[PDB]
Structure formats: structure tokens, C-alpha cells
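Undergrad: Here's a structure for you.
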Amino acid sequence: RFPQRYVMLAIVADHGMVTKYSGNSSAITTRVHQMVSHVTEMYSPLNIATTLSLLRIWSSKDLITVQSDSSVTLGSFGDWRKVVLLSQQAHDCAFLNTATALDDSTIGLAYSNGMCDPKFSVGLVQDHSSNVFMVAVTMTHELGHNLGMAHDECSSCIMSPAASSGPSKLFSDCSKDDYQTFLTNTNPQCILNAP
Ligand SMILES: [Zn+2]
Ligand SMILES: [Zn+2]
Ligand SMILES: [Zn+2]
Ligand SMILES: [Zn+2]
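Per the deposited numbering, the sequence shown runs over residues 4 to 156, 162 to 203.
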């Protein structure tokens, strides 16, 4: 249905994550890999090949102030991504994986249509469950917003506004249409490039 596309993803695990998993960077790495495998599987149907270009773990201190308000944190993260992370290695989008509970009890945030933008191609995902698939669905959902998708307002589809108890790995037809609109009206250049 869609032309070949690629999302060269960067993930940053904050200091809260290191604390949560008892300083075990190896365990965090294994966790993110599984998360990405799930994300990758969920994007295949849209002909988007997702890969983890890099993983950063803030084992010393956070490089930005990570706070309970997702909006402020996402903005600081986007500034850091544009001014620092992009200088280290090319990538299409970066997501901050945080252990910190958000102040409005949400579990993620992203910039709509931000894919490829130096500053706005970022997302925020709270490590809200021991079930990695569940957290991967949230990351997939936020990448969805980055890719121009709006909420399904299908209750079990990825872009559902609320996190189902039994989430599926499918994008709604509305979600696919939003993605189509995105490719047509935006058509960001970075995701055309294979790793
Ligand atoms: Zn520490
Ligand atoms: Zn707030
Ligand atoms: Zn959403
Ligand atoms: Zn090449």
C-alpha cells in the first residue's frame, strides 16, 4: 500500500531508568532491544523498516532536566537532540525512555508530523509496565504521531487514545490514511534513506 520507508531510530534511556533497573546497563540494553523488535514488527505493515541506530544510557546524570511534565521535558530533549545527538550520529528520530511518572499520569508524548525535523523528531515514552510489549506499543503510538497519525476517535488499535488491556499490533484504517496524507503533504526526506 505504501512506498518503502525507513525509520533510523535513536533511543535514550534516562538516569531514572538506570536507577529503576539497579544500575544494570546490560539489562536496559536487552530491554530496549526487545522493545524495538516489537516496534519493528508493528511497522512492517506500513512498509516502514525501523532500526535502532543507537542507544544512549544516561548512567552518570541526565544531560537535560527530566521532569514530570512531559511537554517541558520533550522540548528540552528536542533541543538536546538537535544540538548534541545529531552531531554524534545521523538518525531520523529520537525517543527518550523515562522511568519518571508523568504529572498528568499519561505515558507518552510526541510532536505530530515531526518526523525528520531536527528539533521536532522526538518522542517521550514512560516505562509504564514490566510488560515490554506494552511499553513498545506506546513507543509505536508516539512514533505514529511523529508520522502524522491522529487518535482513533478502534479501541484496541495502536493509535487508540487509551492504553487497552489487550492492545493489538494493528494500525487502524484511519491511521493508515493519516500516514498517507503525511507522505503526500509532508513526505519527509530522511525516511527515504535506508540504513
Ligand atoms: Zn545513578
Ligand atoms: Zn505539567
Ligand atoms: Zn496519542
Ligand atoms: Zn547507503
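The C-beta atom is built at its ideal place from N, Cα and C for all residues, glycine as well.
#1: So is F80 buried or exposed if we call it buried at 16+ other beta carbons inside 10 Å?
#2: Using the C-alpha atoms, what's the distance from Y114 back to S133?
#3: Taking the continuous alpha helix (DSSP H) assigned at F136, which residues delimit it?
#4: Any contact between the stretch 121-130 and the stretch 68-87? By contact I mean 3 or more CB pairs, one from each, below 8 Å.
#5: With three or more C-beta pairs closer than 8 Å as the rule, is the stretch 181-198 touching the stretch 136-155?
#6: With DSSP collapsed to three states, give me the class of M38.
#7: With a CB to CB cut of under 7 Å and the five nearest residues on each side skipped, what residues in its chain are close to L89?
#8: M20 by DSSP, collapsed to three states: which one?
#9: If we count the other Cβ atoms within 10 Å of its Cβ and call it buried at 16 or more, is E145 buried or exposed?
#10: Following the continuous beta strand (DSSP E) through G78, name the residue where it begins and the one where it ends.
#11: Which residue or residues does DSSP assign as beta-bridge partners of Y9?
#12: Let me make sure I understand the geometry here. Which of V138, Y46 and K184 has the alpha-carbon closest to that of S172?
#13: May I have the straight-line CA-CA distance separating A202 from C119, to the nearest angstrom?
#14: For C96, which beta-bridge partners are listed by DSSP?
#15: Using the beta-carbon count (16 or more within 10 Å), is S63 buried or exposed?
#16: Starting from the Cα of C162, find the closest Cα among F5, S180, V15 and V140 and give me that residue.
TA: The answer reads as follows:
#1: buried
#2: 26 Å
#3: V135 to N149
#4: yes
#5: yes
#6: helix
#7: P121
#8: helix
#9: buried
#10: Per DSSP, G78 belongs to no beta strand (DSSP E); it is in the alpha helix (DSSP H), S73 to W83.
#11: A52
#12: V138
#13: 14 Å
#14: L12
#15: exposed
#16: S180
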